[PDB]
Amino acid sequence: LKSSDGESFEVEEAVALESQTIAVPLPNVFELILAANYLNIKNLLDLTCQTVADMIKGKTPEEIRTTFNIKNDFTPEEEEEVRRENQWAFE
């Protein structure tokens, strides 16, 4: 297995077939998550994704976007309409 920075890695068939992608140049290897996904390693992807989901659960919109560095692209009215529907109808 060759990485994106020209480096070379010695693994066995067992370890290497855990990647459905591999199953060798890997020019694309939160960075972990991108790696699980690109290499199609199912458990690692589950494990990384559940970890990220935990960073979300129980948090408000503002904090979720605080932690992941996301900016609010809802106009005030849009955010009003969605929160109201969310709360009046779906909660």
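Throughout, we count residues from 1 along the sequence that is shown.
**Q** Does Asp5, which is modelled here, drop out in at least a third of the other compared PDB entries?
**A** That residue is missing from at least a third of the other compared entries.
**Q** State whether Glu63, though modelled here, is left unmodelled in a third or more of the other entries compared.
**A** In all of the other entries, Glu63 has coordinates.
**Q** For the step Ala23 to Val24, what size class fits the number of deposited residues with no coordinates, none, 1 to 3, 4 to 9, or 10 or more?
**A** The entry has 10 or more unmodelled residues between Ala23 and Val24.
**Q** Can you tell me how many deposited residues have no coordinates between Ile41 and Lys42? The categories are none, 1 to 3, 4 to 9, and 10 or more.
**A** Gap between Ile41 and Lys42: none, chain continuous.
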